[PDB]
Protein chains: 2
Amino acid sequence: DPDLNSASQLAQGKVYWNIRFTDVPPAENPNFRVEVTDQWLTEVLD
Amino acid sequence: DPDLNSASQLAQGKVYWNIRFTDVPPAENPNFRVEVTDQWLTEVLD
């Protein structure tokens, strides 16, 4: 960390490291959105 | 000599010169002023 590793914090033997990360959340609600469309209905012409 | 070479003394026919020189002094007391600071502590970042 740049702002927390000051010249006075390092002089007391304090040096700071930042570890940011993201967990793997459990997919407890997998949503599926089904739609019936007529976009590829003209695909049965050739 | 600036303060002695006058116009009234030029008629006397006696002009004045000065030979000054600064002699090399022996270093009989070589002091060292060593200090510990915290100026370059932020240099330890990358």
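Residues numbered from 1 in each chain as written, not as in the entry; some residues may be left out. Chains lettered and ligands numbered in written order. Part of a larger assembly, values for the part shown. Heavy atoms only, no water.

By the naming in the PDB entry, chain A goes by Sheath PA0622 and is assigned to Pseudomonas aeruginosa. In the PDB, the title recorded for this entry is "CryoEM Structure of Pyocin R2 - postcontracted - collar".

> For this particular structure, what's the right way to read the interface of chain A and chain B?
In many analyses, interface size is given as the accessible surface area lost on bringing the parts together. Listed per partner, the contact involves six residues of chain A and five residues of chain B. Counting the surface lost from both chain A and chain B, the interface buries some 430 Å², and carbon and sulfur atoms represent 75% of this. If you look at where chain A meets chain B, you find zero salt bridges. The interface formed by chain A and chain B contains zero residue pairs in polar contact. Of the residues contributing to the side of chain A that touches chain B, the split by class is four nonpolar, two polar and no charged. (Contact = heavy atoms within 4.5 Å. Buried area = accessible area lost by both parts, 1.4 Å probe. Salt bridge = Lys/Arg side-chain N within 4 Å of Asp/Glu carboxyl O. Polar contact = N/O pair within 3.5 Å; in protein donor to acceptor, adjacent residues only side chain to side chain. Nonpolar A, V, L, I, M, F, W, Y, C, P; charged D, E, K, R; others polar.)

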